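The structure appears right after this line, and notes come after that.
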Amino acid sequence: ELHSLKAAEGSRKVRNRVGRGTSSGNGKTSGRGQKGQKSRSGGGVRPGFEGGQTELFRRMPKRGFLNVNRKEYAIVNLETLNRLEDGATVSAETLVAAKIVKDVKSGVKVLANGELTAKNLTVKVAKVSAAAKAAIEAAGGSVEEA
Amino acid sequence: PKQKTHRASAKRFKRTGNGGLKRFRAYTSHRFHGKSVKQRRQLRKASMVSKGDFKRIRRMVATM
Amino acid sequence: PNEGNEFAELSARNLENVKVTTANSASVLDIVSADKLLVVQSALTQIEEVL
RNA sequence: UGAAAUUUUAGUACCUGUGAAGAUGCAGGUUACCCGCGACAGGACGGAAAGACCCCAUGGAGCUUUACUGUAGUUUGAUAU
RNA sequence: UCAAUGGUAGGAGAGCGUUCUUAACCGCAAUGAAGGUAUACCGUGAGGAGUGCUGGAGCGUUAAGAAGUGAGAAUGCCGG
RNA sequence: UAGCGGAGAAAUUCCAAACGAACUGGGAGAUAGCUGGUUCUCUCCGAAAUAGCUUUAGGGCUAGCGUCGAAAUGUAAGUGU
RNA sequence: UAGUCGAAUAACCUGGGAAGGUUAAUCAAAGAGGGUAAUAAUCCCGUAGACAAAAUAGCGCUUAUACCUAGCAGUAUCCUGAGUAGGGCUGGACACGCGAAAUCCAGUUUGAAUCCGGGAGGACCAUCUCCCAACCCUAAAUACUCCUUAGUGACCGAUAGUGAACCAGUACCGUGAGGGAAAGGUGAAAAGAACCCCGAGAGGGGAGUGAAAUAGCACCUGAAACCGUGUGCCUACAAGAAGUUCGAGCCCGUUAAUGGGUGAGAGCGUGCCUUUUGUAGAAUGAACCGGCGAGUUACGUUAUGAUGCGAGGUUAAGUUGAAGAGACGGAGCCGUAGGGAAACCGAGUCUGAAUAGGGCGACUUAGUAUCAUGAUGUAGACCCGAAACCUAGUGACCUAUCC
RNA sequence: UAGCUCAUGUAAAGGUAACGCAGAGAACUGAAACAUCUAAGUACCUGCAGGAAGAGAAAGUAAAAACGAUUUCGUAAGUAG
C-alpha cells in the first residue's frame with residue numbers, strides 16, 4: 001500500500017488547531033470570554049476551591065488509623081476451578097502455573113460463588129473462606145491451609 | 001512525573017467500586033449540647049456524597 | 001538465509017534495486033517498500049519459527 | 001540649504017434636531033465658480049504626558065507605633081575555663 | 001416530496017492551503033523549473049490551474065505521515 | 001569614605017546629563033484575581049448576564065441557562081390546550 | 001600519527017555550454033557525496049576495498065621477575081579501635097515540621113563497659129535475629145563536555161541559523177562593571193566595458209564584451225509603500241466612509257466571453273478593531289508597506305473513539321542489534337467479589353442485642369494493551385506586560401564630607 | 001631557645017569547559033493574604049579534586065530460614081509516611 005497509503009477510521013482525525021483563524025476562532029477567546037481570572041494565562045486555578053471557604057473534604061473528620069500489618073491473600077473465584085480439572089493439590093503452583101495472577105498476596109482464597117466442578121481433595125491454601133469450605137469441603141475437598 | 005495523590009484527601013474519603021463514596025458526618029466532633037437528641041440518634045451514621053457536586057474529584061483523589 | 005550470505009551482500013549495494021535482508025530484517029518498511037522479492041527456500045525456519 | 005513631532009483613509013461648510021445622552025462625515029434645511037497665497041486661533045473633546053487628583057488591586061515600597069513575630073545589641077544566672 | 005438554513009462568547013462535524021516528508025506513484029524542466037507580472041476563467045468558500053511577459057534553476061505532483069503551519073490590527077518589532 | 005551603605009549647615013538633599021533606597025550581572029521568561037494581542041475555510045446547533053457561599057463584590061465554586069455522545073425511552077415523563 | 005593505490009563510455013539533438021532528451025556499450029568490495037558553464041556511475045575528486053610510517057602517542061597479549069596472603073584443632077591470659085558509646089541541653093539531617101519519636105552527625109557538658117563483651121531490630125523492658133563500629137584505602141558499572149575527529153539530521157537557510165555565514169564580541173554606547181549592532185550572492189570565466197564622443201570631473205552615450213549590459217562592480221530575481229512620465233474617459237453650480245444599483249454619453253475590443261474601461265446623472269447607503277448594556281464616534285488603537293511575531297510538547301490522569309486480543313491482557317527497565325527492526329527479558333502492572341476504621345469476615349459484609357431494619361454490596365454482567373483526539377496536572381505551560389525582592393560586583397573626577 | 005644566615009627540593013603558588021565534593025548560603029514565589037511550610041539548602045559565593053568524583057565492604061537490612069559491600073536504572077509508587 002506504499003504507493004497509496006490510506007488510513008482507516010477512528011485512529012485518525014484532525015488534531016484541533018486551536019487558536020488560529022476565524023471559523024473555530026478560539027485564539028481571540030479560546031472558549032473563554034475576556035476579563036476574568038478564567039480569562040488569563042497559566043491555567044492557574046486550584047481544583048478544590050470553595051471560594052475561600054473551606055472545602056467539602058476540608059470539613060471532614062479524621063477517621064480510622066491503618067494497620068501496618070494489613071495482609072490479604074489475592075482472592076480468586078471458584079470459577080477458575082471450573083476452568084481447571086482437577087489440578088490435584090490446588091495451590092499457588094496451580095494458581096501461577098495456571099497464570100491466573102502471578103504477583104499474589106502470599107496465600108490464596110476461593111469464593112463459595114463459582115461452581116463445584118472440581119473433584120480433588122487436597123487443595124493447598126493459606127486461608128479459604130468457610131463459606132467456600134461448605135462448598136468444596138461438602139463437595140469432595142480437604143482443607144490444607146496455612 | 002507522576003500526578004501526586006493527596007494522601008490527606010485520601011484520609012478524608014473512601015470510595016466504592018461501581019458506586020459512589022462514603023462521607024462521614026459533619027458536626028459530629030466538637031460540641032454536642034445544642035445538637036438535638038434526635039440528631040444524636042441519627043448523626044453517628046452518615047449518607048453518601050452528592051451527585052452534581054463533588055465532580056472536583058478529578059483527579060485530586062486519584063487511585064487510592 | 002540466517003547464516004548470512006556475503007557475495008551479493010558485501011556487494012550489490014550498487015545494484016540499485018537490491019535490498020539485502022534476512023529473517024532479522026522484518027518490518028513493513030522492509031516489504032511494502034519493495035513489494036517484489038526473492039527468497040532463500042529455508043523460509044520455513046526463516047519465517048515460521050516465530051510467525 | 002534643508003528636519004522634527006504628526007496620523008483609519010477621506011475631494012473634511014453652516015443651522016436645527018437626533019444619538020454612549022454635546023456632530024464633518026447622520027436626518028431635514030440652508031447657502032458654496034475651481035485652486036491658492038499672507039496672517040489668526042474656535043473646533044477637529046489638537047498634540048506631546050497608558051492622570052501625577054479620586055478609586056480599586058488579598059499590588060508594592062517607604063515611614064511610625066505601648067500591632068504580632070523576631071533579630072542584633074544590652075543586662076542575669078548556670079556552667080568548662 | 002415535505003420540513004429546515006439570523007446568529008456573538010459557546011459546542012460538534014467536515015474541508016482548504018503552506019513546508020518538510022528517502023518512501024512510492026511519476027512526471028516536468030532551457031523548446032524554460034521555481035519565483036515575479038498582466039489576465040475580460042473556474043471553484044459554495046478557502047482555492048485552483050490557462051495564456052502573455054520577466055526569469056534562468058529546481059519544482060510539481062497524487063496519496064499518506066509529520067509539523068516552529070495558515071496574519072492586520074499589540075505604542076508589536078525590524079527595514080524602507 | 002560605596003547601597004542593610006555613604007555623605008550631609010538636614011529638604012527626604014546628593015552619591016558620574018540621575019536616587020525614600022544607586023548602577024551592572026544572575027536568580028528569573030520573579031509575579032501580576034489587572035491591560036492588550038491573537039492570524040485558513042464551511043456547515044449544523046445554540047447562551048447567560050441569576051440563586052447560594054466566599055478577606056467576596058470589576059473574581060472564583062456549585063446550581064439554572066448550551067452543545068455533543070451514549071443508555072433506555074420514569075413507558076411516557078416533557079410542552080401546550 | 002604523513003597518506004598511497006584504487007575499476008567501469010561513445011555518438012547524435014538541443015542550446016553559450018551536456019551529465020539534460022536520443023542512440024548504444026561497460027563496470028560491480030566503487031550507482032555515498034561533491035564539483036564540472038545545464039541533473040554524471042562509467043569526466044574529476046572521490047567512493048568500496050587493498051596497502052603505508054621510520055617518531056609519533058598509545059592500547060592489548062607471553063615471560064621469570066617487580067611481594068604478601070591461606071586452611072587447620074585447642075584456648076594460659078591479652079587484644080579488637082575512650083572522652084568512645086552513652087546521658088543532659090541546644091541544633092541539624094534523616095519522609096521525619098520535638099513528636100511516642102527512632103537512627104545518624106554537630107556544639108556544650110557529663111561519662112562508661114570492654115569477649116561472660118558491646119550494638120541494632122522506629123519510646124522503651126524481656127526472648128529471638130543479625131552485626132562487631134568508634135582505624136585506613138578500594139577499580140568497575142555513573143555525570144558532563146571547552147576540546148580531537150568519524151560523523152548524523154522529516155535541523156535552518158542570511159530578521160533564520162551562534163550576539164556574530166561578513167576580519168564579532170567588531171563598530172558603537174558607557175569612566176567602569178557591562179551592553180551590543182548592520183551587512184552573503186555579477187558573470188561560467190572579469191572575459192570588468194579597448195577605443196570614440198559629450199562632460200571640470202564623475203557620470204553618461206556610442207562602439208565592443210559576454211548566452212545575455214534592465215548584466216556594469218553594494219552586480220542573480222525583483223514586488224511594496226514613494227515619486228513619476230505618457231496614455232482613452234470624466235470633472236472648474238460642487239457641500240460623499242467617497243459606495244453600490246441603474247444608467248445618458250464616450251472610448252476600446254477580451255482565461256470569447258449575455259465584453260471591458262469609463263463614468264455624467266439619479267436612488268439608497270455612520271470605516272475597522274478591543275471593551276460595553278449601548279459606541280459611527282468627541283472611547284481606545286492603528287503613518288504606510290514588507291518580513292518576523294504567539295495554545296506546544298516532557299511525563300501523568302480522565303473522557304471519547306480506532307485496533308488487537310480477551311477473564312486474559314500486559315513486558316517495564318534492560319539485552320541483542322544498523323541511534324534499525326525483530327527477537328529476548330514477566331521483574332512488575334491492570335482487570336478478574338467486596339463489606340467494614342480495624343481486628344476480621346466474606347457473595348455476602350458492616351452497623352447495630354438483632355438472625356429487625358438500614359448501609360454498601362455479584363442481583364448491580366469485561367476488560368486489558370496500544371494508538372489517536374479533547375481536557376487535565378508539573379514544567380515561565382497561550383503570549384506581551386510592571387512597579388518589585390535578594391545575591392554578587394562596580395563606582396567619590398558629578399556632588400557631599402575629610403586629609 | 002627565639003631569632004638570624006646559607007644551601008637543597010617548581011614543591012607551589014597560577015590559567016582553568018563541564019561534571020563532582022565540602023563549606024557558606026538567600027530571596028522572589030506559592031500556599032489565593034500570610035508568621036508554620038514551600039521555593040531549596042536551590043540562585044550566588046569560596047575552597048578542594050579527578051577523569052570522573054564521591055562510593056563502599058554490614059557495629060547492614062529484614063522477620064521468616066532472609067540475605068549478604070557498594071553504585072546506576074526500572075519497580076515498588078506518591079506506596080509507607
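Please note that chains go A, B, ... in the order of the C-alpha cells, that every chain numbers its residues from 1, and that ligands are numbered from 1 in the order shown.
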**Request:** Please identify all polymer residues within 9 Å of residue 125 in chain A, counting only C-alpha atoms (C1' of nucleotides), omitting same-chain residues fewer than 4 positions from it, and present them as a list in words.
**Result:**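 Answer for this query is residues 90, 91, 92, 107, 108, 109, 143, 144, 145 and 146 of chain A.
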Could the residues in this selection be saved with N, CA, C and O atoms as a JSON list (two decimals), in the first residue's frame?
[["chain", "number", "residue", "atom", "x", "y", "z"],
["A", 90, "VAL", "N", -4.52, -28.27, 44.47],
["A", 90, "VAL", "CA", -4.81, -26.89, 44.11],
["A", 90, "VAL", "C", -4.06, -25.97, 45.05],
["A", 90, "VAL", "O", -4.38, -25.89, 46.24],
["A", 91, "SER", "N", -3.07, -25.27, 44.52],
["A", 91, "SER", "CA", -2.17, -24.49, 45.35],
["A", 91, "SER", "C", -1.73, -23.27, 44.57],
["A", 91, "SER", "O", -2.30, -22.94, 43.52],
["A", 92, "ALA", "N", -0.70, -22.59, 45.08],
["A", 92, "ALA", "CA", -0.12, -21.47, 44.37],
["A", 92, "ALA", "C", 0.59, -21.93, 43.11],
["A", 92, "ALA", "O", 0.68, -21.18, 42.14],
["A", 107, "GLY", "N", -1.00, -15.92, 50.19],
["A", 107, "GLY", "CA", -1.86, -17.08, 50.13],
["A", 107, "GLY", "C", -2.78, -17.12, 48.93],
["A", 107, "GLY", "O", -2.44, -16.63, 47.86],
["A", 108, "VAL", "N", -3.96, -17.72, 49.11],
["A", 108, "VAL", "CA", -4.96, -17.86, 48.07],
["A", 108, "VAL", "C", -6.30, -18.10, 48.76],
["A", 108, "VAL", "O", -6.36, -18.57, 49.89],
["A", 109, "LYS", "N", -7.38, -17.70, 48.09],
["A", 109, "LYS", "CA", -8.72, -17.90, 48.63],
["A", 109, "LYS", "C", -9.73, -18.01, 47.51],
["A", 109, "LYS", "O", -9.63, -17.30, 46.50],
["A", 143, "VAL", "N", -9.11, -29.75, 53.54],
["A", 143, "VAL", "CA", -8.53, -28.46, 53.89],
["A", 143, "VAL", "C", -7.03, -28.66, 54.05],
["A", 143, "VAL", "O", -6.59, -29.53, 54.81],
["A", 144, "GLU", "N", -6.25, -27.90, 53.30],
["A", 144, "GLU", "CA", -4.82, -27.78, 53.55],
["A", 144, "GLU", "C", -4.50, -26.29, 53.54],
["A", 144, "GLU", "O", -4.01, -25.75, 52.54],
["A", 145, "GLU", "N", -4.74, -25.63, 54.66],
["A", 145, "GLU", "CA", -4.49, -24.20, 54.75],
["A", 145, "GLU", "C", -3.11, -23.95, 55.35],
["A", 145, "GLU", "O", -2.32, -24.87, 55.55],
["A", 146, "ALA", "N", -2.83, -22.69, 55.65],
["A", 146, "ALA", "CA", -1.54, -22.28, 56.19],
["A", 146, "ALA", "C", -1.67, -20.96, 56.93],
["A", 146, "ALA", "O", -1.99, -19.93, 56.33]]
Counting only C-alpha atoms (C1' of nucleotides), which residues of chain B fall within 12 Å of chain H, and what is the closest atom pair for each with its distance in Å at one decimal, ordered by chain and rising number, as a tab-separated table?
residue	atom	partner	partner_atom	distance
B:1	CA	H:78	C1'	10.3
B:2	CA	H:78	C1'	7.6
B:3	CA	H:78	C1'	7.8
B:4	CA	H:78	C1'	5.3
B:5	CA	H:78	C1'	6.0
B:6	CA	H:78	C1'	8.3
B:7	CA	H:78	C1'	8.4
B:8	CA	H:81	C1'	11.0
B:10	CA	H:78	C1'	11.9
B:61	CA	H:78	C1'	11.8
B:62	CA	H:78	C1'	10.3
B:63	CA	H:78	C1'	10.6
B:64	CA	H:79	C1'	10.2
**Request:** Specify as a VMD selection string all residues of chain A found within 9 Å of chain E, counting only C-alpha atoms (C1' of nucleotides).
**Result:** chain A and resid 2 to 7 20 to 21 29 31 to 33
**Message:** Only residues of chain A matter here; which ones have an atom within 10 Å of chain H, counting only C-alpha atoms (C1' of nucleotides)? Give them as a PyMOL selection string.
**Reply:** chain A and resi 45-46+49+51-52+68
Can you write just those residues out, N, CA and C atoms, as a tab-separated table (two decimals), in the first residue's frame?
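Full text of result_18.tsv as output:
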chain	number	residue	atom	x	y	z
A	45	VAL	N	-5.55	27.89	38.47
A	45	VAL	CA	-6.65	27.77	39.41
A	45	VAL	C	-6.51	26.43	40.13
A	46	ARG	N	-6.61	26.45	41.44
A	46	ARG	CA	-6.51	25.20	42.18
A	46	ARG	C	-7.84	24.49	42.05
A	49	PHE	N	-11.76	24.17	45.54
A	49	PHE	CA	-11.80	25.56	45.97
A	49	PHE	C	-13.24	25.99	46.18
A	51	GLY	N	-14.21	28.82	47.07
A	51	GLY	CA	-14.27	30.26	47.03
A	51	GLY	C	-13.63	30.92	48.22
A	52	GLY	N	-12.63	30.29	48.81
A	52	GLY	CA	-12.03	30.77	50.02
A	52	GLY	C	-12.62	30.17	51.27
A	68	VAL	N	-0.54	-1.33	59.90
A	68	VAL	CA	0.66	-1.60	59.13
A	68	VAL	C	0.77	-3.09	58.82
Skipping near chain neighbours, those fewer than 4 positions away, what residues fall within 8 Å of residue 6 in chain F using only C-alpha atoms (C1' of nucleotides), listed as a PDB file with N, CA, C and O atoms (P, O5', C5', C4', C3', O3' and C1' of nucleotides), in the first residue's frame?
ATOM      1  P     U F   1      38.292  53.902  50.852  1.00  0.00           P
ATOM      2  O5'   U F   1      37.004  54.541  51.521  1.00  0.00           O
ATOM      3  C5'   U F   1      36.772  54.398  52.909  1.00  0.00           C
ATOM      4  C4'   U F   1      35.662  55.303  53.353  1.00  0.00           C
ATOM      5  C3'   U F   1      34.324  55.093  52.670  1.00  0.00           C
ATOM      6  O3'   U F   1      33.576  54.049  53.270  1.00  0.00           O
ATOM      7  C1'   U F   1      34.829  57.421  52.853  1.00  0.00           C
ATOM      8  P     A F   2      33.286  52.680  52.480  1.00  0.00           P
ATOM      9  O5'   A F   2      32.289  53.099  51.314  1.00  0.00           O
ATOM     10  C5'   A F   2      30.900  53.234  51.578  1.00  0.00           C
ATOM     11  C4'   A F   2      30.044  52.539  50.547  1.00  0.00           C
ATOM     12  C3'   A F   2      30.520  51.165  50.076  1.00  0.00           C
ATOM     13  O3'   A F   2      29.378  50.338  49.864  1.00  0.00           O
ATOM     14  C1'   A F   2      30.215  52.569  48.222  1.00  0.00           C
ATOM     15  P     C F  15      22.819  62.455  42.440  1.00  0.00           P
ATOM     16  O5'   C F  15      23.954  61.511  43.044  1.00  0.00           O
ATOM     17  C5'   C F  15      25.318  61.869  42.914  1.00  0.00           C
ATOM     18  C4'   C F  15      26.223  60.993  43.736  1.00  0.00           C
ATOM     19  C3'   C F  15      26.187  59.521  43.407  1.00  0.00           C
ATOM     20  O3'   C F  15      26.923  59.203  42.249  1.00  0.00           O
ATOM     21  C1'   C F  15      26.160  59.814  45.748  1.00  0.00           C
TER      22        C F  15
END
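Residue nearest chain F within the list A:25, A:141, A:10, A:36: A:36 [criterion: smallest interatomic distance, only C-alpha atoms (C1' of nucleotides)].
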**Prompt:** What is the distance, in Å and to one decimal place, between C1' of residue 280 in chain G and CA of residue 26 in chain A?
**Reply:** 27.8 Å
**Prompt:** When the cut-off is 12 Å and we count only C-alpha atoms (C1' of nucleotides), which residues of chain C are near chain E, given as a ChimeraX atom specification?
**Reply:** /C:28-35
Would you save the residues from that selection as a tab-separated table (two decimals), in the first residue's frame, using N, CA and C atoms?
chain	number	residue	atom	x	y	z
C	28	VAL	N	7.52	-3.53	8.08
C	28	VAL	CA	6.69	-3.23	6.91
C	28	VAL	C	7.44	-2.31	5.97
C	29	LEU	N	8.36	-1.50	6.50
C	29	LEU	CA	9.26	-0.73	5.66
C	29	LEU	C	10.28	-1.64	5.00
C	30	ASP	N	10.41	-2.86	5.52
C	30	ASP	CA	11.06	-3.94	4.80
C	30	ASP	C	10.36	-4.20	3.48
C	31	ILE	N	9.11	-4.64	3.54
C	31	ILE	CA	8.50	-5.42	2.48
C	31	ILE	C	7.53	-4.61	1.63
C	32	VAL	N	6.77	-3.70	2.25
C	32	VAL	CA	5.84	-2.87	1.50
C	32	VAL	C	6.61	-1.87	0.65
C	33	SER	N	7.85	-1.58	1.05
C	33	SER	CA	8.77	-0.79	0.26
C	33	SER	C	9.05	-1.39	-1.11
C	34	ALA	N	9.41	-2.66	-1.18
C	34	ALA	CA	9.84	-3.23	-2.45
C	34	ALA	C	8.70	-3.92	-3.19
C	35	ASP	N	7.86	-4.65	-2.45
C	35	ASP	CA	6.68	-5.43	-2.88
C	35	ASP	C	7.03	-6.63	-3.75
